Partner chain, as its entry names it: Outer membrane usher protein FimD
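Only one chain is given next, in C-alpha cells, and it is the form deposited without the partner chain.
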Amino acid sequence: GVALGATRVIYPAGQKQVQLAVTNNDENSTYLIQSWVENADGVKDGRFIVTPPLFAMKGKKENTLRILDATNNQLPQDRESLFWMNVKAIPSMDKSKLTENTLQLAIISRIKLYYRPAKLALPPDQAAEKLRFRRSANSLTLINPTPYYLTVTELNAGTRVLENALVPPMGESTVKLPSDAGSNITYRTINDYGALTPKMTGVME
C-alpha cells in the first residue's frame, strides 16, 4: 500500500517547514494522497497545513509532504502541543465493477506531530527519566514534569504488566493498578525517532 517515512513528527518552533516521506509499494495501482493535521481534540483547525493538499502516486513513487506552521506563534511556548497528522490514500474507482456490490477501503496513516517551542531547558534526550510515579490499590498516576510528551510503554507494575500511556507535558495520566504490583516499576518510552529507550525503574515522587 502506501506508507509514511516516520511514525511521528517533530515540528521545531520557528521552522519554516517540515518534510515527511510518502511512498507507494504497489507496483501498479494509482492513489490520491490527501493529508491534514488535526489537533489534540481531533478537530481539523488550521494550525498546520500540508502540501501538496492533494496529489496522485501512480504505482511505486516516493514523494515528499510539507507540513507548514500556520499558528503565528499563537501556541504555548513553554512546552509541546499534541497534534495529529493524517495521510489518506484514496484508490481510484474500478469502472468495470459497476453493476456489482462493492466495498472499497481507504488506508490512512495517523501519526503524532509534536510542536516543539524553539527554546526549552531540559533537553529531550534527558526527559524519559524525569518520569515519577504515585500508586494505590487502584491508581498508578504517571507524572511528566518536563515540557515533552512522554509516550510511556512496556509499563509494568513489576508484577503485572500495564496499559501504555501518553503523559502530557507537565501533566499526569492515570493508569489502573491491578494488585500484582509491589513497587518494581519497569517502563520504556518511544523517542523522537520512534525507537524504544532503555528500561528504567520507577521512581515514586
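Positions refer to the first chain, counted from 1.
Form deposited with the partner chain bound: not shown, discussed below.
- Each of 16, 52 and 64 is positioned with at least one heavy atom within 4.5 Å of the partner chain in the deposited complex.
- Interface membership of residue 34, defined by any non-hydrogen atom within 4.5 Å of the partner chain in the deposited complex, is confirmed.
- Within 4.5 Å of any heavy atom of the partner chain in the deposited complex lies no heavy atom of residue 177.
- The closest heavy atom approach of residue 170 to the partner chain in the deposited complex falls outside 4.5 Å.
- Contact annotation for residue 68: at least one heavy atom lies within 4.5 Å of the partner chain in the deposited complex.
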